[PDB]
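J.: Could you have a look at this structure, given as structure tokens, before my questions?
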Amino acid sequence: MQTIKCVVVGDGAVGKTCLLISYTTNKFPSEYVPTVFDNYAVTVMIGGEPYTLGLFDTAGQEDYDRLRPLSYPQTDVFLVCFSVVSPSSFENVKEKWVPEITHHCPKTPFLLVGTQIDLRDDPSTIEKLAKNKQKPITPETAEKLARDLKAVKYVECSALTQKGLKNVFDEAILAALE
Amino acid sequence: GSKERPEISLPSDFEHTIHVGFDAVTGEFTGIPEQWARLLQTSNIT
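If you read the sequences in order, they're chains D and C. Under the UniProt record's numbering, the residue at position 84 of the first sequence is numbered 84, and the numbers go up by one with no gaps. Read in order, the letters of the second sequence correspond to residues 63 to 92, 108 to 123 in the UniProt record's numbering.
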């Protein structure tokens with residue numbers, strides 16, 4: 001209902017949260033920005049409305065080890081990001097999260113996204129897909145997967161260029177409490 | 063549970079998040110390290 005558990009998911013990339021800022025301004029050069037860790041477990045109170053919150057990031061002590069015993073993603077809402085220029089990659093999540101069912105019933109929301117897409121949509125890198133699959137994956141087609149497997153929303157982000165990825169989190173916030 | 067805009071008031075809540083990585087990290091993405114969860118079957122040491 002309100003309990004939301006969000007973390008940085010995907011196929012093995014940087015903490016997706018380190019980008020929420022890159023879209024804001026610190027990008028990825030050498031500026032000054034808040035630190036990695038992010039452990040919050042509490043409920044907000046607005047107008048008398050309690051909000052269930054729950055999230056956590058690596059580096060429990062700057063060693064990136066306090067958060068190393070994870071070996072298991074346990075957060076209803078997962079922010080995963082993949083690229084639309086891989087060898088039959090999108091076809092692997094159709095048979096991974098849909099046949100497996102998130103929790104086998106709740107079908108928790110899945111914020112689907114595109115990694116470094118800000119170019120991936122051009123007909124030049126698109127060339128690489130041909131060497132393996134001439135059928136590239138597009139946003140207008142992945143939506144059917146979310147509406148077919150009951151996901152939450154297909155979005156896109158570009159850590160540095162800023163693919164307006166604010167919608168990847170903004171739409172996972174209201175879908176987390178569902 | 064209700065989803066409203068900025069209600070009239072809002073008493074804070076319990077504890078909050080912390081930050082520990084390295085200056086310019088939360089606002090910096092590089108290389109392509111683990112997603113902070115694949116450890117369930119990654120190249121751990123053990």
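Even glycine gets a Cβ: it sits at the ideal position worked out from N, Cα and C.
1. Let me know if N26(D) comes out buried or exposed under the rule of 16 or more other beta-carbons within 10 Å of its beta-carbon.
2. Leaving out five residues on either side along the sequence, give the residues of the same chain with a beta carbon under 6 Å from the beta carbon of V80(D).
3. Rounded to the nearest angstrom, what separates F37(D) and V82(C) at their Cα positions?
4. Between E91(D) and the rest of its own chain, which residues show a CB-CB distance below 6 Å, the 5 nearest in sequence each way excluded?
5. Taking Cβ to Cβ, would you say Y72(D) is nearer than 7 Å to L72(C)?
6. If the cut-off is 8 Å on Cβ atoms, which residues from the UniProt domain "CRIB" (70-83) of chain C count as contacting chain D, listed in chain order?
7. Is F110(D) helix, strand or coil when you go by DSSP?
8. Just to confirm my understanding: we take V44(D), look at its own chain, exclude 5 residues before and 5 after, and list those with CB closer than 8 Å. What are they?
9. For chain C, find out if any of its Cβ atoms is closer than 7 Å to the Cβ of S89(D); answer yes or no.
10. With a cut-off of 7 Å, does the C-beta of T123(C) fall near any C-beta of chain D?
11. Closest to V14(D) by CA distance: which of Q116(D), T3(D), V42(D) is it?
12. Are the CB atoms of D118(D) and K153(D) nearer to each other than 7 Å?
13. For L20(D), tell me which candidate among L55(D), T102(D), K166(D), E143(D) has the shortest Cα-Cα distance.
14. Flag this pair as touching only if the region 91-103 of chain D and the region 121-132 of chain D have three or more C-beta atom pairs under 8 Å; answer yes or no.
15. Measuring CB to CB, does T88(C) end up less than 7 Å from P29(D)?
16. Helix, strand or coil for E49(D) per DSSP?
17. Consult DSSP for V82(C) and reduce its assignment to one of helix, strand or coil.
18. Starting from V77(D), follow its DSSP beta bridges and name the residues at the other end.
19. In whole angstroms, what separates the C-alpha of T161(D) from that of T92(C)?
20. Closest to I4(D) by CA distance: which of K16(D), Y23(D), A41(D) is it?
21. Could you spell out where the alpha helix (DSSP H) holding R147(D) opens and where it closes?
T.: Well, looking at it:
1. Here residue 26(D) refers to the residue found at position 26 of the first sequence. Buried, because 16 or more other Cβ atoms sit within 10 Å of the Cβ of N26(D).
2. Within the first sequence, residue 80(D) is the residue found at index 80, counting from 1. So the list reads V9, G10, once near-sequence residues are dropped.
3. Position 37 of the first sequence, counted from the first residue, corresponds to residue 37(D). Position 20 of the second sequence, counted from the first residue, corresponds to residue 82(C). Approximately 4 Å, taken between the alpha carbons.
4. Numbered from its first residue, the first sequence carries residue 91(D) at position 91. Closer than 6 Å at the Cβ level, and outside the excluded window around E91(D), lies no residue.
5. Mapped onto the first sequence, residue 72(D) falls at position 72. Mapped onto the second sequence, residue 72(C) falls at position 10. Contact flag unset, no.
6. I70, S71, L72, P73, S74, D75, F76, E77, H78, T79, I80, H81, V82, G83
7. One-based indexing of the first sequence puts residue 110(D) at position 110. Here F110(D) sits in strand by DSSP.
8. Taking the first residue of the first sequence as 1, we reach residue 44(D) at position 44. Result list for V44(D): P50, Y51, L53, in chain order.
9. Position 89 of the first sequence, counting from 1, holds the residue named residue 89(D). By this cut-off, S89(D) is not an interface position.
10. Within the second sequence, the letter at position 46 stands for residue 123(C). Chain D contact via Cβ: absent.
11. As a working mapping, residue 14(D) is identified with position 14 in the first sequence. Out of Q116(D), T3(D), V42(D), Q116(D) has the C-alpha closest to the C-alpha of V14(D).
12. Locating residue 118(D) in the first sequence gives position 118, counting from the first residue. Locating residue 153(D) in the first sequence gives position 153, counting from the first residue. No, Cβ-Cβ distance for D118(D) and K153(D) is not below 7 Å.
13. Locating residue 20(D) in the first sequence gives position 20, counting from the first residue. Looking at the Cα atoms, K166(D) is the closest of the given residues.
14. no
15. As a working note, residue 88(C) is residue 26 in the second sequence. As a working note, residue 29(D) is residue 29 in the first sequence. In this structure, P29(D) does not lie closer than 7 Å to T88(C) by Cβ.
16. On the first sequence, residue 49(D) is found 49 positions in, with the first residue counted as 1. The answer is strand: DSSP assigns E49(D) an E or B state.
17. Walking along the second sequence from the start, residue 82(C) turns up at place 20. Note: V82(C) maps to coil in three-state DSSP.
18. Within the first sequence, residue 77(D) is the residue found at index 77, counting from 1. Answer is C6(D), bridged to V77(D).
19. Taking the first residue of the first sequence as 1, we reach residue 161(D) at position 161. Taking the first residue of the second sequence as 1, we reach residue 92(C) at position 30. Distance between the alpha carbons of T161(D) and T92(C) is about 14 Å.
20. Residue 4(D) sits at position 4 when you count from the first residue of the first sequence. It is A41(D).
21. Numbered from its first residue, the first sequence carries residue 147(D) at position 147. First-last of the alpha helix (DSSP H) with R147(D): 139-149.
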